[PDB]
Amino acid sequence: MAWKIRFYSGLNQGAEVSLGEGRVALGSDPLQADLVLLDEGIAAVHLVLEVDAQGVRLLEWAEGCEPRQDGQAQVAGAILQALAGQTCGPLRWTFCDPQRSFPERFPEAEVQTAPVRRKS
């Protein structure tokens, strides 16, 4: 198989799965999801990827979430980077080639500091 995925959230924490070529839907509904995710806030179809030998492409995701890669919002059609930290709301995951190892801890990202404004 082409790639493997590791989950770092929810009841899937620590799970690892090898992926062949084609469409991969992740979500809480087993009728619609290739990878069943059990966590609060996971949609019936939460995230849809297209996998081939060359890489992993982001296709679709649940309303109310924004897919991010090391904190940066991604758009439909983006090619995702192996071993970067992927998030989509509650879901945290990464992927890599079968000949490489996953980090034990989810990849930390440098996020810019938020502005704040005191209320009164």
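Residue numbers run from 1 along the displayed sequence.
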When mean C-alpha B-factors in the record are compared for 7-15 and 104-112, the larger belongs to 104-112
Listed options 36, 65, 80, 59: highest C-alpha B factor recorded at 65
So, residue 32's CA B-factor, relative to its chain, sits in which third? The highest
Of the three thirds of the chain ranked by Cα temperature factor, residue 94 occupies the lowest
For residue 53, the third of its chain by CA B-factor is the middle
Assert third(CA B-factor, residue 42) within chain per record equals highest
Entry-reported C-alpha B-factor of residue 84 relative to its chain, by third, is middle
